Amino acid sequence: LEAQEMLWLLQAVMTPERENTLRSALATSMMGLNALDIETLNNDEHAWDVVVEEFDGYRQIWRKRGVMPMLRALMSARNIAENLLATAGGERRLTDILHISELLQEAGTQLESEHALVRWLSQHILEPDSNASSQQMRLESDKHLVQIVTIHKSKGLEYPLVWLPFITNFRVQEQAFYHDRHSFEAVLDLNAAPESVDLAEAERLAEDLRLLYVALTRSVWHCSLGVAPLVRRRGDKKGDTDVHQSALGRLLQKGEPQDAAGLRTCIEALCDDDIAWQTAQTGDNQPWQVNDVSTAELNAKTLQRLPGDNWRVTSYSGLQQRXXXXXXXXXXXXXXXXXXXXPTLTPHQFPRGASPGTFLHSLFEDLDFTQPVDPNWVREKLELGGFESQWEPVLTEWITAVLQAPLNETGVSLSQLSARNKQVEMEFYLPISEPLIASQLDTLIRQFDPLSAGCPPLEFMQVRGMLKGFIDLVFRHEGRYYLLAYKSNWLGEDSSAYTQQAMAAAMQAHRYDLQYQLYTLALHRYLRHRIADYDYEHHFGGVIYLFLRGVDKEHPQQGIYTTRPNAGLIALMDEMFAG
Amino acid sequence: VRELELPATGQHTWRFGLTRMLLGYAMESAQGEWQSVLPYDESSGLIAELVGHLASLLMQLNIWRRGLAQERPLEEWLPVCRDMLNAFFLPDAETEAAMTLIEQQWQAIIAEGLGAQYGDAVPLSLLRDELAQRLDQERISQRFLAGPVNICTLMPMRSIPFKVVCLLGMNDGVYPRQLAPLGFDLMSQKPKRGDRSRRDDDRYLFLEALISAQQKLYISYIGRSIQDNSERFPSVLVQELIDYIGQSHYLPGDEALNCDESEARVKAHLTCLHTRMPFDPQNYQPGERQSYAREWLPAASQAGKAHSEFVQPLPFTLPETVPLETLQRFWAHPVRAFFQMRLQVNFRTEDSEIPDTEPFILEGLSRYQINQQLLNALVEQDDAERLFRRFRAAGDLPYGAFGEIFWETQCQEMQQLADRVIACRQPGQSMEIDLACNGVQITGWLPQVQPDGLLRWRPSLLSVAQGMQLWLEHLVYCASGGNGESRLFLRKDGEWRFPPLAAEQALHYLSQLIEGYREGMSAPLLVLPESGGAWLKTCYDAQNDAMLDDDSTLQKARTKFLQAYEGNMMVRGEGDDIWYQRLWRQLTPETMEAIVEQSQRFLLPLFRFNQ
Amino acid sequence: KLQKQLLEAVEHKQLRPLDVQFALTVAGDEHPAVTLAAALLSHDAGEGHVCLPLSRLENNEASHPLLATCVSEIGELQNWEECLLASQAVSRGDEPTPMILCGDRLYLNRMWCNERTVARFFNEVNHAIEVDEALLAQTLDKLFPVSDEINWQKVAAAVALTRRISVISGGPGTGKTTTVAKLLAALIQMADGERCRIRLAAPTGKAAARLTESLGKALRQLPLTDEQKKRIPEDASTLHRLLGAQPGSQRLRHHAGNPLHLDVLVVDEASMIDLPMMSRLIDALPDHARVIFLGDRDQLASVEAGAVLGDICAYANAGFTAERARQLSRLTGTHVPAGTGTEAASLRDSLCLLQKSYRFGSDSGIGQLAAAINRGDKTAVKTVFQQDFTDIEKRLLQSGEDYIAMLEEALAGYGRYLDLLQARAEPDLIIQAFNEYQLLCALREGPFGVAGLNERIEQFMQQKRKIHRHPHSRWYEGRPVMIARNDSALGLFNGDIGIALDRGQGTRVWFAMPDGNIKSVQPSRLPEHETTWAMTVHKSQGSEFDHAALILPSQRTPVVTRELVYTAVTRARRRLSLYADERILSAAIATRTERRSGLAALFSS
Amino acid sequence: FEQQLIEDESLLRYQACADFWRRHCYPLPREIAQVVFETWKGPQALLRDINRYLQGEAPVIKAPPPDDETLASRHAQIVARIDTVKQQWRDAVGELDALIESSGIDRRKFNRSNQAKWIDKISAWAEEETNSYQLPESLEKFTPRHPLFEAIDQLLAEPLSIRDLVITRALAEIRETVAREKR
DNA sequence: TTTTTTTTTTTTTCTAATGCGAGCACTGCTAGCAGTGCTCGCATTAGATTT
């Protein structure tokens, strides 16, 4: 029944809004509420609202932390885990509850839904099966227990004191199945002809003997066993006692039918100094005398120091995060305007998500800049990507527009870059030593940064640790390095919605500002490391955000964006991350 | 159906069901069968839209199961996965990541095939079970060294110096891990130096982790199966380790004892046996090992108070007007009432799962409903054949011959009962009832009052609860005019017949009932309409109109009581019900008496006037 | 076959998938005329038409050249009655057949049975009840003070007292409910010694509550003894609860076997009664029961398939039977006009139409405009144009730069409310304030719709400081919400509004009961809720706002119709505003909602 | 090389039993079906009867029915086996040649009315209890009569059933089918 | 392309065995009758594994 109660609870916490499906869960013996409790609790609205509330917090624990944490919280608050142990026998019940919970984990992970779990539990309430893990655990190992066990499960075991209460009993086999004495082959007679029935019932009896043997050899010191004038045939008073058909009876009577008196005598005959027989006399005094237990004072220790401080390895993505409060930070703009005004080979139409972008990037990852584009190569990329041929002629053109676009003031063409000057997809780890506080930074940002005037100060919790990132591309031109990052996005637009203004707008919207500054710090330290006699101002060329969709043969500016870190911002920033 | 070589039936197939649904949309079920399909009434409205959507699913499910059957060369399998994904699925912000992985993996498999130049047609069951292996092959190690305490499996060639290394599940046979060599491998026959074999890998790892921990090593294994208290064992490695410790060290207590004795002594000191349950108070006894969980503390201290007896008296005030349906609904199961009626708790068991097969035989409420319809047809002396066709078309009966057989044993039982019903039946008109009983106005309706009296018939077994029902419904009838008898006929020729009664005794017994009713809403009155009925069957003697006393029978009524309470291994006993579970988990001989006393109070006038 | 043909109309979205699948199963393998014909039957029946007169399907031939489809083999099958009625998927009503062909109108078996039940119930079943005309006339005279002019209401009471089944039609605020109270009073006071069992039913629990309070307050006014005040009905219920519809099944605890036990039954707002519920009702009535329906002839029709009250009141235009006019002239003590000619005596006599609206007259632009709705658009552009009436205004919405301005006026529409929240007031006056102004949009979703306007308006609350919002909580103070489905526990019904606010005890929603009491419900407690800044026209039925604002989308959609706009117009108590294109609106008014049923034919034969 | 184990073999097994009882029972005409019905209602019970024999090594069946015999064959056989006794008892009826004895109670002749009545159709599978009276082993204990009087003993010597054949066919089939589906 | 309602209960095994009760034929004892031996039939009671 405890599985059922669990159902009522989970089912309630799932939708506490419903008056009935909650109250049902409250009435459960598990909750341990009187009739007076439920009665009053049906009257005062405040209390009822409090209950509804607590379950509503439980749903929260349920969604965030999983299941077992919830049921834990419920058990603590309701005090049930204690009140059961107070109650007599409730120890067993409590074991069942814990066990069920432990299973709700094992099935809880594999199923993603909160709701499909309540789906699952019912289905198991219907069909219990046989299976091993869902089989009941032993109730308590604290107290020594009576280990009540079937014969077959006693084989090869040892039991210092042994009881065979019902041993007299027998079952006359009506089914006819036996072994031929000659061929020794298992033979079934589908026909009831009495011979084969006999040939089998002899077997049933001999087997019963072997049961008796095994049962008697189990004991070490003492074994007791019951004996009765059992009567199978339904006639009351005869002088027929069928005990000779019992395994044991045949051994006492030497396979001879007797009366109950003869039974008693044949018992009395062998009884010397080992076997000793007493008449079976029902009696009841007291269940048993526990005399109870004494324990102690006891307490739980409690941690003093914090469990641990903040050390985290994060990317810039672990910085924007989300904002709890008046301002929430999202890439997209909440405000929307409706439009009431009323060739498919375009870049804006390309699919969107992490998946499409990862494809777009992965092109340029192996892609060769100095050679023009091979449409076959395209088709076999899209084919690998799973993208149809609807793309290949649409792509192979566009890419060339990308590779051919001149950049910055130097006017560099991506095409002009030799693989000696390319570095593709640099992963870096940048340590941040003392905790990095937002406001202690964004002032340094805003101070030297025109772009950081936009939007509030970035907010991220105190962090100390490592920082990760992938430079899309790094290359040197005219002995002067550059930093290149691809961005795609923009579901809504195709045309000049990418300008000098709107690019700088979106940069401030997705906070790519802090991002490029951080990379520049990384690339800076990496050059300072690698290049003997490195200087920021001499060797460094600025930062380039390239919006892939942004590239258009018509406008050289659209889609490309370049800014230089002040060299006065990095000077102080690097120091900040050092200490 | 015929594809699996099972005889074509024409029922219980998604075609049968759908056709039954649509036809349920066009025409009401009461009109009748059409092609020998019974229209399914439930979707008659705009809701029925869903059906068309459903039926559009299955068509696809049908089409594709044909398209996938034949083997194909690979480049014939290339386009499939796309048609199927975009066919059955509408991608979303979450899913597109997944679906792209499906296409990517699938087409990766096939591409592996083509690039290898493999011509022959391929069965689908080859690829379906490749792709299953391909989709779960991936692992996510991303967060490894992020800094949150690290949980992870033992991986070869990954050894990172740590201050604290924990090892779990060292039970023997779980670790090291075993994958045998293929068995036709030649390498495993004659090894050279640099061969790698999984077992030696694990055995070496357990050494790495030892060398790596710079302060605290922590090793754990399950000693005893929690479930059966069986024995379990440590892995052989842990065994060797504890051996080496115990042989290399001695506790400072005994500096001269013995090699082996100091050994088992130490090995006892290093091994901790944690308890079976968290609330075991040993955990919290102040000392070295003490648990930080404060949530189980009051449990271990055993400081909680036991659950009080569920029943507490509650105040109640009987209104002036009690709708007779309220009384009826009460006396059917007087315990269940006080939970649903009074304090509004009702335990709704989960609905039954869809059965997995066309009905072979009818049992339970399934066949009960059929007996109800069938009987109500025979009593009207309407033809049972028509209704038979109705069920057959409804797909409700076993197929074909057995439909006819089962149908014509049932017609033969319900015919027997049917006649006995028809014998006394005089058509009659319903009557409305208003009464003053103990200053309480009862209003209600009794359907079909014939001049002779109350006639009711149910295709059930003779049981008391039915009796109580006819008793209430009778006394209210005598209570307002209505001279005549009251009779009830049941299966295996059961009958309840109550002689007419004068308005005096009528109102007096009805008083006793109502008083029962206000008794109920206050305390969960314990009257078991069957088990108590069984106990009162033995004791009462109709010839003397007095319940017997002598203790010989009083151990008959107890055995016949418990026998009725808890059931056989065949029939479920009255004693097993959720409503009686909430009151007591186990029947005390005291509570037995408590039931016998009240049951003796209300039930007796039943058997006293039954004839 | 033509199957794959029908696979196209789904891409064309001219056929619901249900339609196609149905035609496939039932139509079977027959001549494609059968298959297509059936699919069209399921389609028109899906949009809510009861029948499919063969004229339309043979004349259009839009889905296929029904020459080749209709002319198959076996000589001339081209007769649609011939080809169709040949197959077993169609019959004359003799066999248990999916489809019925009766009056040239092919249509579903279910619709044909329910259809017939309705018909026979309105024609033959209802009877003439006879009483003293002098005494009855005196009772009415004490009910209605003014004898000097023809009173429509007094006619209505007289009619409903004479005829067993009777309907009373009229616009909103034309005084229906009061009239019903007058009737019921005449009923109780009419039969002194006989048991008079009154029952009050409404198709929606919300409207049921409105009726409870309405007839409570209205019946309390008129003098009655404690006996009559015992025979005053207690409460009104849902139509379903009355029939006791089981939640899962289609079973009914009444139907034909159990007549529900009544004397008279009053179903308010009968416009929402659809055909299936109408028939399933009719089966529950006894032969002594007097039933009365309430609703506007032009009110927006019921959602599920049919139009009952519309097809019925359409015959009111003819007027009373010649003699019945003289009878009522004796009854009301007036001259009752007589409709010329003979069409159906029993039906024409049962219908009364209330043409006087005490709420506002012809000088008010709402009654003139609403009265101009039933006519052509050249009257409506006129009215909206000339004089402005001060009660009606139209704002052109074409470019979104107009839409922003619409929202701009929406602010001041909510102004008093918004301030009363900023002023930090008590809940009652706030709730009463929220009912002065309301936005009504036809569609649910998109740029113009309840779902879109909630977003855009709240965003427009974030642009201009009015009410602050927290994204994480989702329950910022001041947001009005409404209930999705009825609830027995909290005593609040679907279609009801409440205001989310923090009194300082906590964030709590406040509802106004029909009893004037205010009940605060925890957010967790609420069953279902939807942000209520904008209502669909449908859900707004029965409500009254002092200033309403209608919003019609730019496109042309089958939802936007005449009756929709009509209800929107009658919705405002006094003030009204419109946002529409003169072309979209002006064409919308010209297109009347028709749902084809044989009723028009049935009552004439 | 990779075997996926399954510990629930009762569901596959039951599945197969329903498959058998579908293909070998649904085709039955009314009259044979009537006989199948008595011995078990439906495969739910049949499975319960043969279940210990489906598992583990297949037993050997003593004196199995020939492989080619169907249900209709066995049934027609038993039809005629009873039919001969039906005609015969109808022919020898109406005569007391027996030596009348007390313990054999004179109303035993009323039994004969039953039998001459009981002989109408073959549709029943159950011969009447009164037939036990006409056994020469029965009566001679209390008058050899004529042969058919002894033929009833031959008729009642071997119980008349379809059981063995169905348990045989089903036991051989369900075993295979399971093995195949698991393959 | 729009949308409304409503709350809950039901049943339960089959086969077989005996104990007695009722009715009858005979046979022996004192032609009929009482008893006994007998025999069938109706209701009631009991029991249905093992990894």
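Residues numbered from 1 in each chain as written, not as in the entry; some residues may be left out. Chains lettered and ligands numbered in written order. Part of a larger assembly, values for the part shown. Heavy atoms only, no water. Residues with missing side-chain atoms left out of burial classes, pairs and counts.

- The deposited coordinates derive from cryo-EM, with the record listing a resolution of 3.83 Å.

**Points about the overall build of chain D**
Inference 1: Of the regular secondary structure elements, chain D holds eight helices and one strand.
Inference 2: Listed N to C, the secondary structure of chain D is α-α-α-β-α-α-α-α-α in terms of helices and strands.
Inference 3: Relative to the compact-globule value of 16 Å for 183 residues, chain D shows a C-alpha radius of gyration of 22 Å, a clear excess of over 25%.
Inference 4: Dimensions of chain D, computed from C-alpha atoms along their principal axes, come out at roughly 80 × 30 × 25 Å.
Inference 5: Just so you have it, chain D exposes about 11,600 Å², and 51% of that area is on carbon and sulfur atoms.
Inference 6: Side chains of chain D carry 26 positive and 31 negative charges; the gap between the two charge centres is 3 Å. (Helix = DSSP H or I, 4+ residues; strand = E, 2+ residues; numbered from the N terminus. Rg over C-alpha atoms; globule rule 2.2 N^0.38 Å. Areas by Shrake-Rupley, 256 points an atom, 1.4 Å probe, with all protein chains shown as cover. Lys, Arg positive; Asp, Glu negative; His and termini not counted. Charge placed at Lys NZ, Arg CZ, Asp CG, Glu CD.)

**Overview of the domain arrangement of chain B**
All names here are of chain B.
Inference 1: Annotation of chain B at the domain level lists domain 1 (1-140), domain 2 (313-353 + 426-611) and domain 3 (354-425).
Inference 2: The distance between the C-alpha centroids of domain 1 and domain 3 comes to 38 Å.
Inference 3: Taken together, the contacts link ten residues of domain 1 with nine residues of domain 3.
Inference 4: Across the domain 1/domain 3 interface, buried area totals approximately 830 Å², and carbon plus sulfur atoms make up 51% of it.
Inference 5: Taken together, the connections running from domain 1 to domain 3 amount to zero salt bridges.
Inference 6: Scanning the region where domain 1 abuts domain 3 turns up two residue pairs in polar contact.
Inference 7: Class assignment of the residues belonging to the side of domain 1 that touches domain 3 gives a composition of three nonpolar, five polar and two charged. (Domains from an automatic or database assignment. Contact = heavy atoms within 4.5 Å. Buried area = accessible area lost by both parts, 1.4 Å probe. Salt bridge = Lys/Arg side-chain N within 4 Å of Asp/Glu carboxyl O. Polar contact = N/O pair within 3.5 Å; in protein donor to acceptor, adjacent residues only side chain to side chain. Nonpolar A, V, L, I, M, F, W, Y, C, P; charged D, E, K, R; others polar.)

**Details of the nonpolar core**
Inference 1: The biggest cluster of nonpolar side chains holds 120 residues, and the ones touching the most others in it are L26, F55 and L104 of chain A together with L327 and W471 of chain B.
Inference 2: Residue contacts for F55 of chain A: discarding those within four places in its chain leaves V13, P16, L22, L26, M31 and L74 of chain A.
Inference 3: Ranked by size, the runner-up nonpolar core spans 87 residues in total, among them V37 of chain B together with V34, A37 and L41 of chain C. (Core = buried A, V, L, I, M, F, W, Y, C linked by side-chain atoms within 4.5 Å. Buried < 20%, exposed > 50% of the residue type's maximum accessible area, 1.4 Å probe, protein only.)

**Here's the deal with the interface of chain C and chain A**
Inference 1: Chain C puts 14 residues into the contact, and the matching count from chain A is 17 residues.
Inference 2: Along the lines of polarity and charge, the residues of the side of chain C that touches chain A split into five nonpolar, six polar and three charged.

**Remarks on the pattern of salt bridges**
Residues and elements named next belong to chain B.
Inference 1: Applying the stated criterion across every chain yields a total of 68 salt bridges over all chains.
Inference 2: In this structure, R491 engages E413 in a salt bridge whose closest nitrogen and oxygen atoms are separated by 2.5 Å. Of the two residues, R491 sits in the loop between β7 (485-490) and β8 (494-498) while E413 sits in helix α15 (residues 400-424), which places them 78 residues apart along the sequence.
Inference 3: Residue class for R491 comes out buried when judged on its relative accessible area of 18%.

**Notes on a nonpolar patch on the surface**
All names here are of chain B.
Inference 1: A cluster of nonpolar side chains, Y204, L207, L210, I211 and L217, forms an exposed patch at the surface whose accessible area comes to about 470 Å².
Inference 2: The element that contributes the greatest number of residues to the nonpolar patch is helix α7 (residues 198-212), accounting for four residues.
Inference 3: Judged by relative accessible area, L217 falls into the partly exposed class, the value being 37%. (Patch = residues over 30% accessible without salt bridge, like charges linked within 9 Å, V, L, I, M, F, W, Y side chains within 5 Å.)

**Considering the protein's contact with DNA strand E**
Inference 1: Around DNA strand E, a shell composed of 52 residues is seen, among which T150 and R171 of chain A, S460 of chain B, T536 of chain C together with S103 of chain D lie nearest.
Inference 2: Within 4 Å of the protein, the contacting atoms of DNA strand E are 72% sugar and phosphate, with bases supplying the remainder.
Inference 3: Contact distances for DNA strand E include 2.9 Å between a phosphate oxygen and a side-chain N or O atom of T238 of chain C.
Inference 4: Those elements giving two or more residues to the surface near DNA strand E turn out to be α12 (334-342) and α13 (364-379) of chain B together with α13 (239-243) of chain C.
Inference 5: In terms of residue count, α13 of chain B provides more of the surface near DNA strand E than any other element does, three residues in total.
Inference 6: Within the surface near DNA strand E, the residues separate by chemical class into 18 nonpolar, 19 polar and 15 charged. (Near = heavy atom within 4 Å.)

**Remarks on the pairing of strand β6 (residues 198-202) of chain C**
Residue and element names in this part refer to chain C.
Inference 1: Here β6 lies mainly inside the structure; five of its five residues are buried.
Inference 2: Judged by which residues are buried, β6 turns out to be covered on both faces: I198, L200 and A202 on one side and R199 and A201 on the other are all buried.
Inference 3: Bridge count for β6 against strand β8 (residues 264-267) is four bridges, and the pairing is parallel. Residue pairing for β8: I198 is matched across the bridge by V264.
Inference 4: Pairing analysis gives three bridges linking β6 to strand β7 (residues 236-238), with the strands arranged parallel. By the bridge assignment, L200 is partnered in β7 with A236. (Pairing = 2+ DSSP bridges.)

**Quick look at the sheet that holds strand β4 (residues 105-108) of chain C**
Residues and elements named next belong to chain C.
Inference 1: With respect to topology, four strands assemble into an open sheet ordered β1-β4-β3-β2, the strand pairing being mixed. The open sheet has two edge strands, β1 (52-53) and β2 (90-91), and neither has a second partner.
Inference 2: Sheet analysis places β2 next to strand β3 (residues 99-101), joined by two bridges and oriented parallel. Residue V90 lies in a different strand from β3, and its bridge partner there is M99.

**Some details on the interface of chain A and chain B**
Inference 1: Counting residues at the interface gives 62 residues for chain A and 55 residues for chain B.
Inference 2: Both faces combined, the contact of chain A with chain B buries some 5,100 Å², and carbon together with sulfur accounts for 55% of it.
Inference 3: Looking at the side of chain A facing chain B, the largest losses of area belong to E82, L298 and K301 of chain A, adding up to 13% of the total buried there.
Inference 4: For the pair chain A and chain B, the number of links is three salt bridges.
Inference 5: Salt-bridge contacts for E39 of chain A lead to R342 of chain B; the nearest nitrogen and oxygen are separated by 2.8 Å.
Inference 6: Secondary structure elements with two or more residues in the side of chain A that touches chain B: α1 (2-14), α2 (19-26), α3 (35-41), α5 (68-78), α6 (80-86), α7 (90-110), α8 (115-126) and α14 (375-385) of chain A.
Inference 7: With six residues, α6 of chain A is the largest single contributor of residues to the side of chain A that touches chain B.
Inference 8: Class assignment of the residues belonging to the side of chain A that touches chain B gives a composition of 26 nonpolar, 20 polar and 16 charged.

**Focus: the pairing of strand β5 (residues 440-449) of chain B**
Residue and element names in this part refer to chain B.
Inference 1: Pairing analysis gives three bridges linking strand β3 (residues 321-323) to β5, with the strands arranged parallel. Bridging across to β5, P323 finds its partner in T443.
Inference 2: Judged from the eight bridges that link them, strand β4 (residues 429-437) and β5 form a sheet pairing that is antiparallel. Bridge assignment links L435 to a residue of β5, and that residue is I442.
Inference 3: Count of turn residues in the β4/β5 antiparallel hairpin: two residues, of which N438 carries a positive phi of about 50°.

**Regarding helix α22 (residues 427-434) of chain C**
All names here are of chain C.
Inference 1: Of all the positions in α22, only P427, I430, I431, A433 and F434 are classed as buried. Across the axial projection of α22, the buried residues extend over an arc of 160°, all falling on one side.
Inference 2: On its buried face, α22 sits against α21 (415-422), β12 (437-441), β13 (480-482), β14 (497-502), β15 (507-512) and β16 (518-521). (Arc of directions from axis to C-beta.)

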